[PDB]
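What follows is a pair of forms of the same protein chain, given separately as structure tokens and numbered structure 1 and structure 2.
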Structure 1
């Protein structure tokens, strides 16, 4: 699968993948708000036929009280494309882009606690550490773990 930065031309197919795989769905003007505010951040995994199979919708959260940090607004991969590390490869490309452009320090996300497999991928494969428990975060009334990933190692790995 081809992995590449997401351009405005891609966002309508990204929304299609979203509404296929996730219950957390968004409007297109929001998809514009990402690609036109932090364009370097969002990435897609595409077919030979241009069919997006996985995506990452990334964002720089605006907090002046502390260090700059990134936030995954949404991430999903089609079930038809598991065991390909697209989740990992996509999170890596977005994380680096958070460092190059905005000197980002960490990166955050929220996830269903009933989804251990996804959680385990963040926990073991991508070094995502839980920072808090935010209960009934989703409409389902399900508690979401507010994970975090230290980007100090990755940034030093590139300062070389």
Structure 2
């Protein structure tokens, strides 16, 4: 699968992928908001026919409490293209971009505490670590974990 930086004409296709794959959905205007604020940060995975099988929609946190850091708004890989490493590859690309373009020191995301699949993906394969819980984060009412992946070793391997 092709992995490449997402462009504005990709966002509707991303939105379609999102809607097929995940419960948290956004309106196109929010997608535009990302691509016209942090264009370097979102990546897609597409097939022979330019059909999106995965994406990572990413941003920098607008008012970081500490250091500047990137934030995963959404990440999906169609189960049909499970088990090809796209989630790691997508994530590694947005990570590298957050470093080059915004000097991010880490990447954060949010996960329902009961979403076993995602917890295992982010913790075990992408080296994300639990940092803090957001009580009643979801409209559902479930608490979220916030997870951070430290970006400073990647940054050091890049400067070399």
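Shifts are known only where both forms have a C-alpha. We call the rigid core the largest set of C-alpha positions that still match within 1.5 Å between the two forms. Positions refer to the first chain, counted from 1.
Trainee: With the two forms aligned on their rigid core, point out which item of 53, 99, 60, 118 shifts its C-alpha by 2 Å or more between the two structures.
Mentor: After core superposition, the one over threshold is 118.
Trainee: Would residue 143 count as moving between the two structures, using a Cα shift of 2 angstroms or more after superposing the core as the test?
Mentor: Residue 143 C-alpha, core-superposed: shift of 2 Å or more.
Trainee: After aligning on the rigid core, report the distance the C-alpha of residue 74 travels between the two structures, in angstrom.
Mentor: Once the two forms are fitted on their core, the shift reads 0.3 Å.
Trainee: Report, to one decimal in Å, how far the Cα of residue 127 moves between the two structures once the rigid core is superposed.
Mentor: With the rigid core fitted, the alpha carbon of residue 127 is displaced 1.2 Å between the two structures.
Trainee: After fitting on the rigid core, list every run of 3 or more consecutive residues where each C-alpha shifts 2 Å or more between the two structures, in sequence order.
Mentor: After superposing the rigid core, the shifted stretches between the two structures are 63 to 65, 112 to 118, 133 to 144.
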